[PDB]
Amino acid sequence: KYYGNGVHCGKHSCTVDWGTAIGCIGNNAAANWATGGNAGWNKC
């Protein structure tokens with residue numbers, strides 16, 4: 001976006017080195033369990 005290898009921007013809108021990782025977790029967790037039965041979703 002304005003960067004992208006550890007965070008993408010800031011208070012602008014982007015930010016995130018973290019919200020992809022918690023997105024991977026939260027989705028695949030509640031699909032199986034609380035973390036995927038084994039965290040084998042890929043983990044992020």
# chains A, B, ... in the order shown; residues from 1 in each chain; ligands from 1
$ select_by_dssp --residues "chain A" --states "alpha helix (DSSP H)" --output "MDAnalysis selection string"
chainID A and resid 19:32
$ write_last_selection --atoms "C-alpha atoms" --output "mmCIF file, in the first residue's frame"
data_model
loop_
_atom_site.group_PDB
_atom_site.id
_atom_site.type_symbol
_atom_site.label_atom_id
_atom_site.label_comp_id
_atom_site.auth_asym_id
_atom_site.auth_seq_id
_atom_site.Cartn_x
_atom_site.Cartn_y
_atom_site.Cartn_z
ATOM 1 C CA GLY A 19 -5.196 -8.317 11.301
ATOM 2 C CA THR A 20 -4.420 -10.869 8.509
ATOM 3 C CA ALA A 21 -2.896 -13.242 11.135
ATOM 4 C CA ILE A 22 -5.927 -12.881 13.536
ATOM 5 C CA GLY A 23 -8.208 -13.232 10.433
ATOM 6 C CA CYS A 24 -6.544 -16.595 9.527
ATOM 7 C CA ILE A 25 -6.878 -17.746 13.208
ATOM 8 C CA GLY A 26 -10.438 -16.504 13.976
ATOM 9 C CA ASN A 27 -12.090 -17.981 10.827
ATOM 10 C CA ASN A 28 -10.413 -21.437 10.869
ATOM 11 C CA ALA A 29 -10.762 -21.683 14.669
ATOM 12 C CA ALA A 30 -14.542 -21.302 14.889
ATOM 13 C CA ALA A 31 -14.850 -23.553 11.771
ATOM 14 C CA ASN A 32 -13.160 -26.479 13.702
#
$ residues_around --residues "range 13-17 of chain A" --least-positions-apart "3" --cutoff "12 Å" --atoms "only C-alpha atoms" --output "ChimeraX atom specification"
/A:1-10,20-23,44
